[PDB]
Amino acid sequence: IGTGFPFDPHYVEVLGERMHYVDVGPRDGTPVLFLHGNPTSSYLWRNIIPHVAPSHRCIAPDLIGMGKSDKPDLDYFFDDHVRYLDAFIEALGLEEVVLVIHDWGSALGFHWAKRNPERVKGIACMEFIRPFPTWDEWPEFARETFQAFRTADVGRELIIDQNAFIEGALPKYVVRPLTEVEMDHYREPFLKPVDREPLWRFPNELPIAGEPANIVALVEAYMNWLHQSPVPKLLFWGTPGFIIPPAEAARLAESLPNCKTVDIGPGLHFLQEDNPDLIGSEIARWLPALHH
């Protein structure tokens, strides 16, 4: 599995701040927009993009406060990310897109699709955010971890002061061991502790046990949209998975219209780090029939 990031940097200024992004492939078609989540960056997509770039434009931004993007002193609420990504998409002049989304990138992507349904020609998703109506829906062995993340004292200590999301959760939810070179690419945005604010606000925004109410309502809304939308969908899942276990992937296969599911083998949350070549090859194979 490749550890390098052989993508030229691109930058766009939106809402006073520079956002970094990958931009490769042809300009005369429908772009494929790749949205990472917490605590990652476009680095997460590095081994997937090369499968898709031959046929389609690949655009992979670093969310505001993450990756090589600028790091304003924001609260980094979901709503902040929405503002920055909405502006990013318009700054690039995108019209119709295909989305490839994970974690908070999936909340952003599904929320954008719900608001812009005629501009979404397909959604490839994996380990995506859905409501967890009670802590019981949450993976058992991570309930204590995320309950502690979701506090103003202990959660800040762990995630900001001790970098637990990077040093702990990230490698814990990849089945294969991440290498030190890969870990250094994920560490680099967050070398200064104060810059870890998004890594803490994100778990506090997760729709779990009814809280926070604004995010539960928005996530419920995009999931209701998704369940009624005819848009083509490609859902990657692993075993045991994390926020989409195998049984949920199978329910979604039956319940979401025009949905193809792909078993990637072993995986937890960051499926891209366990089987990037199958994810990329399957996205590439699925794109042509979306054009018409």
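Residue numbers run from 1 along the displayed sequence.
Comparing 138 to 146 with 198 to 206, the stretch with the higher mean C-alpha B-factor in the PDB entry is 138 to 146.
Of the two segments, 22 to 30 and 53 to 61, the one listed with the higher mean B-factor is 22 to 30 (C-alpha atoms only). Each of 166, 107, 89, 178 has a CA temperature factor in the record; the biggest one is found at 178. Note on the listed residues 240, 37, 67, 232: the highest Cα temperature factor in the record is that of 240. In the deposited entry, the Cα temperature factor of residue 271 places it in the lowest third of its chain's modelled residues. Among the modelled residues of the chain, residue 115 sits in the middle third by CA temperature factor in this PDB entry.
When all modelled residues of the chain are sorted by CA temperature factor, residue 259 is found within the middle third. Compared with the other modelled residues of the chain, the Cα B-factor recorded for residue 284 ranks in the lowest third. Sort the chain's modelled residues by C-alpha temperature factor and residue 253 lands in the highest third, per the entry.
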